[PDB]
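Comments concern the structure below.
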Amino acid sequence: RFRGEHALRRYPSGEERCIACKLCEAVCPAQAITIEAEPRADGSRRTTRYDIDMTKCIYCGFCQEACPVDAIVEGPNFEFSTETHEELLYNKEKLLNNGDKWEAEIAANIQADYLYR
Amino acid sequence: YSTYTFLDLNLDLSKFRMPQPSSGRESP
Amino acid sequence: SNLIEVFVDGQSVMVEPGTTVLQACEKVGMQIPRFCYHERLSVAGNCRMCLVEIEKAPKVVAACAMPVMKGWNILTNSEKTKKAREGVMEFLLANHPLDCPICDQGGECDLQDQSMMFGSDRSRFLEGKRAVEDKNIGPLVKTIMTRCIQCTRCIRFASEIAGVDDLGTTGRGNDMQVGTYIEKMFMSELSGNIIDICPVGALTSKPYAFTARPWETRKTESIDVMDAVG
Amino acid sequence: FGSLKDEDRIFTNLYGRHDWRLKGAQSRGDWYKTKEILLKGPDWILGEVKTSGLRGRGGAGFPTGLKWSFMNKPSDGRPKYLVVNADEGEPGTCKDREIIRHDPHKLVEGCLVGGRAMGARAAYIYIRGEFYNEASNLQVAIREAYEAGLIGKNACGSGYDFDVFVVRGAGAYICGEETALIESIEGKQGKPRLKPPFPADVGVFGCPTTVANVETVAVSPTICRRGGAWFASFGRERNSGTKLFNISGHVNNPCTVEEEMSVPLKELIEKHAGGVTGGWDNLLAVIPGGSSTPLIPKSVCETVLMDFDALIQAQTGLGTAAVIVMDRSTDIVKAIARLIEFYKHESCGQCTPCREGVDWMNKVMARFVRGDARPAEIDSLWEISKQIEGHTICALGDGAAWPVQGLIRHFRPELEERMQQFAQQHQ
Amino acid sequence: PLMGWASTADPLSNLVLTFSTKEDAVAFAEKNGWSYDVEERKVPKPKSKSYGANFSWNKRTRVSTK
Amino acid sequence: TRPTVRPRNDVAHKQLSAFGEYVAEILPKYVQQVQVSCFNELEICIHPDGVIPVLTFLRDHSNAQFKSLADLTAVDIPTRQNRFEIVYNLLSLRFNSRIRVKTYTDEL
Amino acid sequence: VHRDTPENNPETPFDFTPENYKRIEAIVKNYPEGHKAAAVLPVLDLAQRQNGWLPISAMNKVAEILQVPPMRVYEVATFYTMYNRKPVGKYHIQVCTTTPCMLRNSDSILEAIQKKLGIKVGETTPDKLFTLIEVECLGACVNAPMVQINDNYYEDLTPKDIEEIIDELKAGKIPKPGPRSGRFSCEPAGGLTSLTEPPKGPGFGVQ
Ligand SMILES: Cc1cc2nc3c(=O)[nH]c(=O)nc-3n(C[C@H](O)[C@H](O)[C@H](O)COP(=O)(O)O)c2cc1C
Ligand code: SF4
Ligand code: SF4
Ligand code: SF4
Ligand code: SF4
Ligand code: SF4
Ligand code: FES
Ligand code: FES
């Protein structure tokens, strides 16, 4: 149940599990989330901007315990330490990529812990 | 037991005599 | 002169002889829950949410449509009224699907500000949940007629102020629906002004549809200038 | 109760079931003393029903001698009308459709007579369309004597003489309760009003009217004719009169009969004529009413009389007066679930307790007859029955928990072994 | 111009207090003393609503299709 | 009523209704409101003329020791026509009892 | 089932009989004028009588006749039971299965009908005109699980009548509109007599 790097998950063959229900935003204590949504032309709503202020992020992890469709996951990898302040502000196209550098690391920890919570 | 002949019910006697009616107004 | 002292929870107040129990209890600074009622509309009673236990009676009455006789004791909080406001608002929270991640009235729906304060704790149904289909009317009214708890509030508005006789009630029992039988569009003046009246998020705005949730705005009052009446 | 009778004789309110059923010449009972009854004042007729005390055999009391005199303004500016129901909403009543079968002239007498108590303008009667062959005879009776100038608009002896019009529904519901029929006669869908506006003789069609049953005004000529001190001959001081009964279920002759108040069920059902099931030594689950009176087993109910308070001394009263049994072949939970299944197809849909609350019970009663999972579901089902009594508007809300709650009583292992047997079946 | 955030000057911009009434509403704006402007409380009509008059003999107040 | 509801008691609600009553009886010079909390707490509203002697009275006694000054705080309340609210909190060592002193004031 | 019209016959069209336009005058003269305004229950029934089943343009026909909004016509015929919107057959027959009719062994007057005829349960015939549904609450549970037809009722139904009423209607007969056997008048049967006499001295009305 160790916390760490943020990442986003998706369904079997890619679906963007996020539904942009904004609940992770309203419980972030540092307001590191900022989301602008829009009806995509297919009809189902998705995201346009998606931000995690990894500077401001105080790691209360409540985003992991607030999503109903279980989208955002604190991925257990402490690999970090870049060289600018201008880099750690994660946009969306880090996070889906960062959520897809691995999934079997993530998908086994949820599946061993979801019975408790 | 006859599916038709409602004019015997409606238009034969009940149209000959209503009576009268006055029926009020109620225009509104 | 021309009044009756009615002891609302054992406390006198003088109303006109012929007003409502709702306006009496709202005068002394209380809220009874309101679903099948609106002040700017007519009065029906087919939600049956306002139920107060009147004193010196075994039965329970509804405060929407009845006058007030010689001074009663309108016992608002009892050990039976809370066996009624829990009671009715357990049924209609069953035959309803699990929305509000995506229901666009998600910060102000009246199944969401009544259901914390009044009502029960868990559910016991435990399978069911009928699911009707939707349609389109005009390019302004985003239309999910599934949710549609049949409070008959949009329906009377066609016979009310907007005089377009367009809507109706199609069905019987569990299965009735609200929309127009044929695919006639509904658009005139005031035709986009129904989506405030619909007390749940079954009706919403088409261009606004998927933008932002209503706890992030900053409400500042102003005036519009596109007409001479302001 | 008297001398426990309630007998069956010729001195009843019926002319003849076999004498002549078409139009006739009004031989013995019809139009005997026509002008002499209406020549007296309404105060002679108001309170004359108090000599009878006819509660009204629709299924509830509140006798017709009170609702016609009291709850009746003289006039304000608007006319008054009469609504005589004829449709049978309860399952297996059959008390109607036989009165109009062979006695068409008896009902036309008490129409002007009972209307003279109100001073109403005209007479509107409502018949189900599905009873289509029998309803054709009714206008023939209007062709018989009304078209013969016996009635209207000055016949006979006074200016008070008026008409009778016939309407038909299609598949309606407003038999089961009033104030929807006065709405449906306008042309609206049939979603009934709230019960205390202004109730039905203050707020009606466009003007306050009265609603009665068939025998609420069919016995009104002869109870004004024979009178007494005879209308209270059977029964206790509470109830009075001689009502028509109907026998169905498991019997040698499922048929109608005539009796009066305060007769016990062991002698009432087994007489006329046979008890073709186990008349004893069967289960013989009896139903006192049409549908709103639940099952009573083989206990002292058979010796319990048919007073209104005797079944109130039992678990449920019954004023619809229908007799059906379930002795040997009938499964208890199988038949009653089809009674609950019935109410899905006749609920209106206005009240949020009624709508979506009946089909709460529909999906779970189909789960018990199948035989299913663990108990304490019964008590949760029992609380729902304790949650819809006075929340709806019509008596269907009362007619939906009373068969359910009476099944909770008197039958604990009705399914406590059956659903265990399915639990034994999967195990 | 790096994200599109609503960064800003205007250092106050978020200060709402909870007053009790109109009486001490003015008395707080003057005690520290900067300019202001006051609205007025709007309470609606009481008003006359009565079921039963929705079924008429000659009036116009008559509902249908319920 | 049930489990998962805090079980209140009446013994401490009795004596704290008893003890603080004769406090206003023996100094009706400074005390302007006394109230008992529904969970065994006490407020003694005091106009700040008696800011020193009432403390000095609770500084020492034989029926009230109260020599453990725990908490001085400060609470602002706008829309009161006297804004601020100095609130003490002191502890009896020998008796295990909490009591607070609410003294209003203004700025100047 | 579904209750809508996705536009197959918007304008069929349909007209009324010149014999039937004059019958409206008897109907309108019944109601009090001004509030008369809606005689839609016998009139739209009479449109069902002329056609057999009515299209949505038949609904729109009578709306101009009685000046109601046409939406107030859709409320009626989609509520009641006897009105029909889908196309129907010539003979509409009903198995009156009710809970006391269940106690009179409605299973016999259940199937062995579909095997006899060749149809499905609750279903019209595949060929032309037989349509079979089930109804409740039409009077006599005191008879057998009886059979309703278009203009009469068939009391005392039985598996012989299953071999008869289906059979005689395929041939085009009228199989006994009433109780085909037993008691022709549904009499008490041991109390059917009740000493049939003049009713014991009429003339008690002095009072
Ligand atoms: C389940 C149920 C079914 C009823 N069905 C009918 C009916 O089919 N016809 C009828 O006239 N009254 C029926 N009633 C009773 C109505 O309330 C009654 O007609 C109305 O109150 C007038 O009362 P009355 O019978 O004394 O005239 C029914 C009542 C109940 C509870
Ligand atoms: S985690 Fe939940 S609240 Fe956050 S973006 Fe995804 S769906 Fe929306
Ligand atoms: S990780 Fe921590 S700081 Fe970031 S959104 Fe979640 S709870 Fe807030
Ligand atoms: S739109 Fe939905 S909530 Fe509004 S009145 Fe119709 S059914 Fe009720
Ligand atoms: S409208 Fe009400 S019931 Fe529907 S999703 Fe929103 S809060 Fe839930
Ligand atoms: S119980 Fe409710 S739905 Fe049923 S008839 Fe009465 S008001 Fe209508
Ligand atoms: S609140 Fe509308 S009926 Fe109870
Ligand atoms: S209910 Fe089936 S015929 Fe009487």
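Note that chain C is numbered according to Swiss-Prot, with residues 29-258 shown in order.
Quick reminder: no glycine exception, Cβ is built from N, Cα and C everywhere.
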Same [4Fe-4S] cluster 1 site as C:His124, C:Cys128, C:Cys131 according to Swiss-Prot: which of C:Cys92, C:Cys137? C:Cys137
Whole-Å Cα distance, C:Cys182 ([4Fe-4S] cluster 2 binding site) to C:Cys64 ([2Fe-2S] cluster binding site), is 11
Sequence-remote contacts (6 or more beyond its ends) of the domain '4Fe-4S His(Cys)3-ligated-type' (C:108-147), Cβ cut-off under 8 Å? 61, 63, 75-77, 79-81, 88, 153, 156-159, 170, 174-175, 177, 202, 227-229, 232-233, 236-238, 241-243
Candidates C:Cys128, C:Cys137, C:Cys179 (binding-site residues) with CB under 6 Å from ligand 5, in sequence order, are C:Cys128, C:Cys137
Residues of the domain '4Fe-4S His(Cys)3-ligated-type' (C:108-147) by DSSP state, where helix covers H, G and I: 10 helix, 0 strand, 30 coil
Whole-number Å value for how far C:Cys92 ([2Fe-2S] cluster binding site) lies from C:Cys128 ([4Fe-4S] cluster 1 binding site) (Cα to Cα): 29
List only the single closest residue to C:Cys78 ([2Fe-2S] cluster binding site), chosen from the binding-site residues C:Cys137, C:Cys176, C:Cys179 by CA-CA distance. C:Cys179
Tell me which of the recorded positions C:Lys84, C:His124 sits in the most Cβ-dense spot, judged by other Cβ atoms within 10 Å. C:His124
Argmin Cα dist to C:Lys84 (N6-acetyllysine) over the binding-site residues C:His124, C:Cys131, C:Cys176, C:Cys179 returns C:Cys179
Using C-alpha atoms, which one of the binding-site residues C:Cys131, C:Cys137, C:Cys176, C:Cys179, C:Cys226 comes nearest to C:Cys92 ([2Fe-2S] cluster binding site)? C:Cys179
Quick check: of the binding-site residues listed here (C:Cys64, C:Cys179, C:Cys226), which one has the Cα closest to that of C:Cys131 ([4Fe-4S] cluster 1 binding site)? C:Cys226
Work through the binding-site residues one by one (C:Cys64, C:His124, C:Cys137) and name whichever has its CA nearest to the CA of C:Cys179 ([4Fe-4S] cluster 2 binding site). C:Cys64
Have a look at the binding-site residues C:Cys75, C:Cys176, C:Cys226 and say which one has the shortest Cα distance to C:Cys137 ([4Fe-4S] cluster 1 binding site). C:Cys226
